[PDB]
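Report on one structure; see the data block that follows.
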Amino acid sequence: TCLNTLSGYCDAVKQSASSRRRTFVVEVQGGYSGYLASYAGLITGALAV
Amino acid sequence: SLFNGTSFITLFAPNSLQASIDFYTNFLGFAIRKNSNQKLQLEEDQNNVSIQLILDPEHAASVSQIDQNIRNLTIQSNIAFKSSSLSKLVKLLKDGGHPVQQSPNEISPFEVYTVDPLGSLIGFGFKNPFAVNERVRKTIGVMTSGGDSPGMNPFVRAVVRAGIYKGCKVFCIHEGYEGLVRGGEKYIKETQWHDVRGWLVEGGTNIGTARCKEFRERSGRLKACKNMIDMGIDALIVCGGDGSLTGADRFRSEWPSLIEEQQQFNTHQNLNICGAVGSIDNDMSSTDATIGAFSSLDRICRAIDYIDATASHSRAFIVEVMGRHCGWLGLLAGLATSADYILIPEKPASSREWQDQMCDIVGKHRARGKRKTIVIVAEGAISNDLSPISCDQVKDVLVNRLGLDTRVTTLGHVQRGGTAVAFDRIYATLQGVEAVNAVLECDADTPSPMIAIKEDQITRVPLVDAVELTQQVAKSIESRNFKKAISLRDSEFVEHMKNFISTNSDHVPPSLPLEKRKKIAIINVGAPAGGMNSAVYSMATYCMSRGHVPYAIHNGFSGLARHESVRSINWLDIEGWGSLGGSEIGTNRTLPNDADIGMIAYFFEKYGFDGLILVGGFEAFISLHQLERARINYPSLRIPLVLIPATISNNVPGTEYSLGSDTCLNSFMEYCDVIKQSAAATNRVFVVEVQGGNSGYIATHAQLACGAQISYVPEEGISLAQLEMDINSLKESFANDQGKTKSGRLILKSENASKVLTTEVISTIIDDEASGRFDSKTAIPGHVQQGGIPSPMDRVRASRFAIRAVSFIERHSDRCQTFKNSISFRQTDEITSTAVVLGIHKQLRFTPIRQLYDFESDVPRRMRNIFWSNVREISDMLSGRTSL
Amino acid sequence: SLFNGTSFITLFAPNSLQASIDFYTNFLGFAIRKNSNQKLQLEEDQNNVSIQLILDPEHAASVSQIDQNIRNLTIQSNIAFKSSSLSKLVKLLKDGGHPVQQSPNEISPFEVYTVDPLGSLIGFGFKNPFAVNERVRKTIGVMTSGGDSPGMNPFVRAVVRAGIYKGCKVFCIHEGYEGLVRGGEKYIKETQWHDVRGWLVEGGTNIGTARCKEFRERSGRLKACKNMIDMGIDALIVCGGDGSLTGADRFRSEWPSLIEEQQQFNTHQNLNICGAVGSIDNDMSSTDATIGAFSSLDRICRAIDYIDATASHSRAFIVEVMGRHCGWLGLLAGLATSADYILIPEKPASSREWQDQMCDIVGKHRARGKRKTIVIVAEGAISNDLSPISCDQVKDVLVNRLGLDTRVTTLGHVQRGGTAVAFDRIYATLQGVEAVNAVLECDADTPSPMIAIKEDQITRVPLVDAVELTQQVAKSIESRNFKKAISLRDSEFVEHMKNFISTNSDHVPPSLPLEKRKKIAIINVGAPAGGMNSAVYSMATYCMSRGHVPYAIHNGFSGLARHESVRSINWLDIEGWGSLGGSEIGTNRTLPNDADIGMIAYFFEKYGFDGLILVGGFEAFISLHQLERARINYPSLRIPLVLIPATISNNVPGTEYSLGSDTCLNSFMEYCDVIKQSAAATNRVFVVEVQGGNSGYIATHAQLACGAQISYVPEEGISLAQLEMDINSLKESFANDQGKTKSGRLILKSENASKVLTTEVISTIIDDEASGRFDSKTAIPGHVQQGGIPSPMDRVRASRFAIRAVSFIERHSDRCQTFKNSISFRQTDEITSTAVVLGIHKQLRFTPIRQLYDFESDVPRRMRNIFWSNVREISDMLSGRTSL
Ligand SMILES: Nc1ncnc2c1ncn2[C@@H]1O[C@H](COP(=O)(O)OP(=O)(O)OP(=O)(O)O)[C@@H](O)[C@H]1O
Ligand SMILES: Nc1ncnc2c1ncn2[C@@H]1O[C@H](COP(=O)(O)OP(=O)(O)OP(=O)(O)O)[C@@H](O)[C@H]1O
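Protein chains in written order, with the UniProt record's numbering: chain A, 743 to 760, 762 to 792; chain B, 5 to 19, 21, 23 to 45, 49 to 83, 94 to 143, 145 to 155, 180 to 305, 314 to 363, 365 to 558, 560 to 736, 738 to 897, 899 to 920, 922 to 941; chain C, 5 to 19, 21, 23 to 45, 49 to 83, 94 to 143, 145 to 155, 180 to 305, 314 to 363, 365 to 558, 560 to 736, 738 to 897, 899 to 920, 922 to 941.
Structure follows, in structure tokens:
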């Protein structure tokens, strides 16, 4: 559910990133494990994670 | 020195003297000195102001009269006075029939004329900021009728709370008329404030609806009447459909059922009844939008959007739409999703068979390049001869007459389910509030009201007249006068019908003669907003419909001046633009003067634009004014300039509705729901940072739609005293949650409300003060609130406005070409009227940029007087907020 | 269109044609077309630029010559060219002897004339930012001589490091000449880079000084010579006093001591010698300040300040000052602390007994109100007949001739102890660096240098000529020609002597005739700075001395315009102002145009000011320009306007020294010392946030004075690569501390260096990267760096500048009154010269505001080209910093 919520959230981020904003640092709250962030990165086409 | 001071001004009168004596005393505050030697005007004590008046024939009546009229041209020796707050005197003179001259009309020196002309007034000796300005009780019954309509719960929540606040018992009549006829504690339950907790999010009707067979007869209507008098219900509020309200109207006229079988008959003598339309159909005639209509429209468009989100030849798609009597849902879905052909009851095929009509329109679209054909079939889809047209009927024509593989999508109950859209939540809530007030304000001589919306404004309309009018429309359809039926529907319906067929029709010869065809350009200025692309799509397709040449100025004023970004608009290239988010053209915050104004003017003449449409926020607002003021230098700019406000903020003066604010409101409303749901799962508050800048519009509306306890707005700010009061409110709120529904708590804080007391700071103060009784967490979504796919409302409103903009340019172009082809342009009133802002006011009106810039805006760094003050009051009422 | 393009310009010549052919080819880049038909000028390939020249008699020589001279008045039909970077062509024309016309001289259109006049050039069609611009090995020996002088350790530190960096062995000659004569490893030790650690803070001389009796004779001079050749010392650096350097000079001439008693005589044939003055006295003639002079002056003023910090009648105080030969310390202390009477050798009483002179001056002061009489007695205090005057001698006169209870304060060794003041640390260090270079650059044909300071600039002066000149002064004193002796001292000494006696003398008839007496006003604009009050004190007392009427404009331009803050200056009221911090008058950042410029002008005429002295920073700089530009409107402003820069930042162009920068430098230097000392106590770094705004001057100088490893400046910024490099430097620095002195580590970061990489952020990055090997802590003192009690230097410099300001107003007032009394003021060159900035440049000069505002400043939001580039290079050298 979270990954679905995040991908959708980022789709709206990249659309608002098209004289407002260019690069976005989306903060993922997945505890002390990089799983959430890593998964989210792959599915959103993030530059750096 | 030798000219040590100024003693007095000496004035000579002809022979008569009194006219001036009355002027300087009433207008300037002077007084005649006691015991006059012949037949001195001093101001006041502890001063040195004096004007001497003599009746000696030293000044002629003929000369003075000629000089007064000579001054009526907007030079002579004069006298100036030191006077504080000149603004007040200027108004007093102007309204008193005296002309005045001033610096920025804000203002520095004021100058008027008497029989003694040129009487100046300065607000100081030399240039500097000026001299400081001196010195009633009745128990209510709510019920819902007809099919499920999103927004019925928000309405009931509103009625329960409003009525409670106004000090009266609220009863919820379960199962509508069935519950009213059966009566008893079983169906008529007393409802408390905490019983309607979090109903904003809830879909359908928690009270319930039921079709009562008995109430259709006098048998039941009497039983229902008894039950109200037994329950002590002094007033009824019905929230339902057409017949649902017609039956309430019949019950109103049949109320004198005194039936001997007197204490109760004396008290419960009159029926206080109020109606609100709870329908997805939007069939009721005296309202612009019924409760549930936009949520239903949203469900339909959500499906169409998914259908469009794919590849392919020989494909047709049918969207079977719910809505038995009206074609509003079909027409608006068709408009919002640019459907090829719509089958609605108000516009059946007339000059040719519906199959021939459909195939021609569909065919033309496919031939020009459009591969995804979408056909919308209304529940009330009908032919000339009133024969209902089914989906299968439509499917076989597409499969057999054309070679298309047709896949039908039917919404069914989807169109009644889900939470109410922001518009339905905001409007159903306000309607609930109004329904209570109407019911309380009611007197036996006042005709029973129905709550209605008329161009984004809540009004009261007689229920009888609304019931009669809806029947008149049904009569027109049944009597086969569809053209008449269309005109009988609200003015928005007739405009949308016109808008749709024109935008649907490039592939037919132009509607204007060669001479009347123009070159219209469009730009996007500011941050992106939902409907920017729709305004462009609608304007281009409408231009093609008329025979105009639509031009798109890519990437604002910077793109034009530095790069010659004038680009043509091709119908096939703009396919699906009405449904796309952001700005395809490209938008920026660059102003015409921050880009080359001379270069903008050069390209305007190079491409010979006959008009300009600006779609954007406050920067596009300033842009209009900058282009208007440059008209003196450049004849190329002496053409109609129209602004269609597009900001998520709603900071642009001229409109009460900016494009993209509903898209934004709905995305934030969906975000806040999840946050409140999360708070409901754990004794916790959320401080939710809101966008919109210096405009508090979005946080105001999000507070109402989400049920936030507080909303901190930039216009009010955040005081420590209010913060302490509000924190103590939270402390008490959680101490009283023992027993009630756990719906969760929100505080909405517009980033601009406080630079010091920030979302994060506020939340840490809540934790500090909470003393472990509850916690606070922030929710900072960011400048993502824009949203992708624009709301059906935004897509629809943008279409309407883009067309009104083109139509204004059509009207004013002839007048402009007089100023365009001529030098010696002195910047008259006929020309300033052409640089305008399209807007909603109570009425859809074009307002000249001059009056809104000079008088209606914080032109400066603030970029923003609010209208939403009442919405604020109601949302504080509904959440129990105590201000200071 | 029909006029589709522009082919070529056709020019007709008289009969001769060649002069123009040479002009358009050299100046415009044109070329003559190959094989001319008669006896075409095209620019380049793939273009369309062409100018046709015909020799047909269609244009007359007489008409063309008259038209060229007619244009020499700064209208005619012309031709404009599209050309990038017009600035380059304008310089090429002007320097080539051709006049040009332009927009802001920054610039937009350029226009010159040939035999074919008015050849225009535009940098674009219409208004917008323009078209982009196209396409040697020798081993050194250091010694200190004479009495302890603060700054001797900083100097030696500099010599040891500079010499090491330049790749040569440095030997420290312990016990000066004694060590040189005795020789051996016992006195001549090889010194390493880490051996001079934290010597900046250390007082006196770590090497040591000793009076060598043997070196006074040829007996010792020979022994010393041997020891140098035995130690292999190829060069000597002496840091000491007068005789200390005269003895080195005698040793230089006596160096040809070949003495047979040849390998060594061949190599060590010439004496590379360099001198630096290490004295508190400031007696050496070819330098403006000797090393230790300002620290000694500081000790004296610290005592006088404590004496003044009390109540009381019948009280006199004697400050016995160390300084045997010169009166510089006495004179400067007297000036900085406004002492009543000073007893210095250069100015003994002449026309009357010193007792009569003293009693008269002291008496006059007490009579006018001054209750705390301060008398300064020099070590060299003398009478006409060269009889030394003692403290007791002075005490008895005050106790017996006047009724004063006299308490003597004697500084003694206090005047040689303590750390060197910021000026001494900065200057001694740079002198050390220069001494090394001088010694290396030396050749047998070059006369032995002495390092000298000449108006804040390090220079080389022949030691013989400096030794000779000091003797000449001593001769003048001994031959009783004190007037001569005074003139023989540096130009600053003669000016200070004049400044002191004039400021000491309201209580004597004015020095100017009635006609030549003026009304001079003073304002303080910007944030407070040490010396603002001193500039006011000195200007008022100097005005009274001349017979002028000194006026003070309280609380800047806002106070004048809004409140009429013109106030008179009473001598008794300004008692002790020269020693007070901040602004007694009141200062603010309000600009003349942000206050009413018309009102400023009104009060300037109401009070009839003959001149204005602005004491303040960049806002006072803008203020000058704003007052200068308003001269066209207001005759009242057509008077000399003088700015004395006062900022802790040193951001004002026109000076290299702003008032209050030494006060500030010293307070921050004292702060950094404590922070470094704390770092030294715990493997720790401190990131110290520095003030000064967008000016990197204070952090540059603080880095040098404190021994900070890095200083992050706004002009350079802070890159991640430099930050990583610098962190790795720290990593290595701590890894190498194993064995050496623990002196502590500092990084100075100007707040404006980075908005992202802040003091706190930088420090957290250091900890992250340090990986537990060391830690980082911040030091953020804040906007407190201003400082109270201004430095003696600031008090003294402010006096000097205030007097130069009054003297300029005296000179220029006569010229101004021509423009003042006349309308038709066309804003000439004679008038623009009067609005000036007083400043230090290499020379003390007045620079017209026009050239510094238009060309030398970042007028905009930056408020600031730097000079301190070399200081930066040296401080990185001394700390081992590696840039990118
Ligand atoms: N139901 C519809 N859905 C979409 N577009 C329509 C529809 N009806 C008409 N139009 C638009 O109007 C254009 C003209 O339609 P048409 O030629 O059939 O004339 P009409 O006056 O609307 O029809 P009739 O006289 O039969 O009612 C169409 O080609 C189409 O682009
Ligand atoms: N040693 C001093 N200390 C302080 N002020 C002095 C001193 N000598 C002179 N002045 C100042 O100069 C003023 C005028 O001095 P004076 O009346 O002695 O004439 P003079 O030219 O300085 O003396 P002389 O001819 O004896 O050298 C004094 O009233 C005082 O302002």
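By construction, the Cβ of each residue, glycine as well, lies at the ideal position given by its N, Cα and C atoms.
Can the beta-carbon of residue i be found closer than 7 Å to that of residue j?
{"i": "B:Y30", "j": "B:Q50", "result": "yes"}
{"i": "C:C256", "j": "C:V282", "result": "no"}
{"i": "B:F36", "j": "B:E52", "result": "yes"}
{"i": "B:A491", "j": "B:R469", "result": "no"}
{"i": "C:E487", "j": "C:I504", "result": "yes"}
{"i": "C:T523", "j": "C:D333", "result": "no"}
{"i": "C:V696", "j": "C:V891", "result": "yes"}
{"i": "A:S762", "j": "B:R859", "result": "no"}
{"i": "C:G842", "j": "C:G636", "result": "no"}
{"i": "C:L691", "j": "C:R685", "result": "yes"}
{"i": "C:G284", "j": "C:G207", "result": "no"}
{"i": "residue 2 of chain B", "j": "B:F346", "result": "The structure shown does not extend to residue 2 of chain B, since chain B is modelled only from 5 through 941, so no value can be given for it."}
{"i": "B:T709", "j": "B:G894", "result": "yes"}
{"i": "residue 313 of chain C", "j": "C:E258", "result": "This structure gives no coordinates for residue 313 of chain C. The numbering of chain C moves from 305 immediately to 314."}
For ligand 2, is there any heavy atom lying closer than 6 Å to the beta carbon of residue i?
{"i": "C:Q446", "result": "no"}
With a cut-off of 8 Å on the beta carbons, I'd call residue i and residue j a contact; round off their distance for me.
{"i": "C:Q120", "j": "C:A328", "result": "The Cβ separation is near 55 Å, so there is no contact."}
{"i": "B:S588", "j": "B:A853", "result": "4 Å"}
{"i": "C:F741", "j": "C:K832", "result": "6 Å"}
{"i": "C:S846", "j": "C:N720", "result": "6 Å"}
{"i": "residue 85 of chain C", "j": "B:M653", "result": "In this structure residue 85 of chain C is absent; chain C steps straight from 83 to 94."}
{"i": "B:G670", "j": "B:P694", "result": "Not a contact, Cβ separation roughly 17 Å."}
{"i": "C:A575", "j": "C:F663", "result": "5 Å"}
{"i": "C:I343", "j": "C:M275", "result": "That belief does not hold up - the Cβ atoms of C:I343 and C:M275 are roughly 25 Å apart, past 8 Å."}
Stretch pair the stretch 571-578 of chain B + the stretch 597-606 of chain B: three plus CB contacts closer than 8 Å: Touching, yes.
Any residue whose CB is nearer than 6 Å to a heavy atom belonging to ligand 2, listed in chain order: These are the residues, in chain order, with a beta carbon less than 6 Å from any non-hydrogen atom of ligand 2: C:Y394, C:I395, C:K400, C:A402, C:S403, C:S404, C:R405, C:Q410, C:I414, C:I554, C:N557, C:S558 and C:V562.
contact_flag[the stretch 6-17 of chain C, the stretch 54-68 of chain C] where n(CB pairs < 8 Å) is 3 or more: The stretch 6-17 of chain C vs the stretch 54-68 of chain C: in contact.
At least 3 beta-carbon pairs within less than 8 Å: the stretch 781-801 of chain C vs the stretch 701-719 of chain C: Fewer than three pairs of CB atoms, one per stretch, sit closer than 8 Å, so the stretch 781-801 of chain C makes no contact with the stretch 701-719 of chain C.
Segment contact flag, the stretch 774-789 of chain B with the stretch 806-824 of chain B, C-beta cutoff 8 Å, min 3 pairs: Segments in contact, yes.
Inter-stretch contact (C-beta, 8 Å, three-pair minimum) for the stretch 722-732 of chain B and the stretch 748-764 of chain B: Yes, they touch.
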